[PDB]
Amino acid sequence: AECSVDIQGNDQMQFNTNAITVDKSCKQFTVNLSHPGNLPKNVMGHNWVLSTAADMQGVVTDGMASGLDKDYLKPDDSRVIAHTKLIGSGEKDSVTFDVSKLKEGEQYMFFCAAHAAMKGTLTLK
Ligand SMILES: [Cu+2]
């Protein structure tokens, strides 16, 4: 099985996929985020954030209120399973999480905290 994925966020404010699969055998899963654009992070920086679909809007609301100083996430928000740092063009970051953290029967999503329009699903198979 494969227990990691490579994902890109670019200068046009989009990720290069809207769907990640996590094999049910994985105990840990790694997301390798890169930014193959030319814009730096103070213009078009991206991160990658994981929550349930049901929690996404609340995470974004509280992140918005927390602001740029906190990379648009409430610090220590228990609804956020994992997240990367904010990266600009040519930079990269990876995050690894325990697959045991996914609540059984719940659909998960990923998104960019800076650009909540950038989103997708993360699913067990
Ligand atoms: Cu973004």
Q: Please tell me if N42 is in contact with an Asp or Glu (Cβ under 6 Å, 6 or more places away or on another chain) and either within 23 Å of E2 (Cβ to Cβ) or surrounded by fewer than 19 Cβ atoms within 10 Å (Cβ to Cβ) (or both).
A: no
(Q) Cβ contacts < 8 Å: first residue under 17 Å from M13 (Cα atoms), restricted to segment 23-41; second residue surrounded by 12 or more Cβ atoms within 10 Å (Cβ to Cβ) and among the β-branched types (V, I, T), any location; separation 6+ or different chain. Result? (A) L33/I7; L33/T84; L33/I87; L33/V95; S34/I7; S34/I87; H35/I87; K41/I87
Q: Would you please name the residue that is nearest to the ligand (Cβ to nearest atom), looking only at residues in segment 95-125 that are in a strand (DSSP E or B) and free of Cβ contacts under 8 Å to residues at least 60 places away in the same chain?
A: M109
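Between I7, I87, which is in contact with a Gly (Cβ under 7 Å, 6 or more places away or on another chain), within 13 Å of the ligand (Cβ to nearest atom) and β-branched (V, I, T)? If you could, list the steps in order and put the result at the bottom.
Details: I7 fails: in contact with a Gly (Cβ under 7 Å, 6 or more places away or on another chain).
So the residue among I7, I87 that is in contact with a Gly (Cβ under 7 Å, 6 or more places away or on another chain), within 13 Å of the ligand (Cβ to nearest atom) and β-branched (V, I, T) is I87.
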Q. (1) of a type outside the set (A, V, I, L, M); (2) over 20 Å from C3 (Cβ atoms); (3) more than 14 Å from the ligand (Cβ to nearest atom): which one isn't true of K92, the others all being true?
A. (2)
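Restricting attention to segment 93-123, which residues are hydrophobic (A, V, I, L, M, F, W, C) and in contact with a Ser or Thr (Cβ under 6 Å, 6 or more places away or on another chain)?
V95, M109
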Q) Which residues, counting only those in segment 33-65, are within 16 Å of the ligand (Cβ to nearest atom), polar (S, T, N, Q) and either in a helix (DSSP H, G or I) or within 18 Å of the chain's Cα centre (by Cα) (or both)? A) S34, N42, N47, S51
Q) For segment 45-89, what are the residues that are aromatic (F, W, Y) and either touching a residue at least 60 places away in the same chain (Cβ under 8 Å) or surrounded by fewer than 19 Cβ atoms within 10 Å (Cβ to Cβ) (or both)? A) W48
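Coordinate-derived values only; no laboratory data. Cβ: placed from backbone, ideal geometry, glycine included. Neighbour counts: every protein chain shown.
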